[PDB]
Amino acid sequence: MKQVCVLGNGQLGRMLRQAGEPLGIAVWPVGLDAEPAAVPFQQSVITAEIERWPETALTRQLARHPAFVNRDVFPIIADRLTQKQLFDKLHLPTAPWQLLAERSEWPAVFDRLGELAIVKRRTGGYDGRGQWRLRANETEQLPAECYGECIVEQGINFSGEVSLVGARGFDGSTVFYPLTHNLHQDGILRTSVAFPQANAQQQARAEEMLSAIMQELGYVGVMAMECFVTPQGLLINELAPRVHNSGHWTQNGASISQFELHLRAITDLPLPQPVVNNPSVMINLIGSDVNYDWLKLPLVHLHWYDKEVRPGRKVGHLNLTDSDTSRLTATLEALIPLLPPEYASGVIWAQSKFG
């Protein structure tokens, strides 16, 4: 019975453990502060749900582990500069950008990028923290700390956002789910909607890009590529070297979930193409307490994280899938009065995807 250890103690690891169980794979999520002595890392394949970390007794032990899959890929992706350079190397479309070295460069930056600059911390950002959207007369708001520690990109006016989640096997095979439509508000993902068949052109463009990246990196497991939809085609925004929030719908809307797919990849099990026959919606639960009334609606799949509820925190997600989009829209409509007000916008945006 394969053993896998996942570095990091969040919901991602928990979902990987839940997926592993019925497949006969024991998965052990280990936080950074864990005691290595307690960790069966020796008899396990190591994976992670994080991409960067401080040095601890646990991480020092891991360091010397032969089977930490993708170990060397993380730092490249963990630093936005190196990630952006990777797209450049591979000729992949992405927002024009540059390292933002010091105050003095501002003039050349706007000259280069346009009216709106999007400044991003090279490492550690998530949910939009560590991101600034500045105009020529607003540069003084950027913390000095940021000089040398941030990249700056052109503000992209996309018509929508989509991510491609897929996986690469140790033998180079790759498999993908259809593109997923993502809605972000205030920097955090709120809702995702996936259809069995995406714009065929967009789907091929994305697969070619993701494929080139996984190959170049020699990556094994699941990776998510977030892109921006523009009239010239997609632009890659960023990558996540792991299972990703946008693909949670796969737990209930694909024959093989992103969690199962990642475990198959890393343990070298078969990686056939997951079957996706119907559309799916996923609503993220953020800073809200669980309301079991949601369970009155039979299509709603509750995925609760057993995390402390605090503002802005991802606490769970709700998935719904059905071959009849009317049912989905109706389920959505019934959910509105059962969710806090800030959820209406995303729920309605999901409904409109079927309109």
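One-based numbering along the sequence shown.
Note on 250-258 vs 115-123: mean CA B-factor is higher in 115-123. Stretches 221-229 and 201-209 differ in mean CA B factor, with 201-209 having the higher one.
Comparing the C-alpha B-factors of 155, 272, 143, 241 in the entry, the top value falls on 143. Note on the listed residues 196, 169, 187, 166: the highest Cα temperature factor in the record is that of 187. Among all modelled residues in its chain, residue 311 ranks in the lowest third by Cα B-factor. In the deposited entry, the Cα temperature factor of residue 104 sits in the top third of values across the chain's modelled residues. When the CA B factors of the chain's modelled residues are split into thirds, the value for residue 70 lands in the middle one.
The PDB entry assigns residue 41 a C-alpha temperature factor belonging to the highest third of its chain's modelled residues. When all modelled residues of the chain are sorted by CA temperature factor, residue 92 is found within the highest third.
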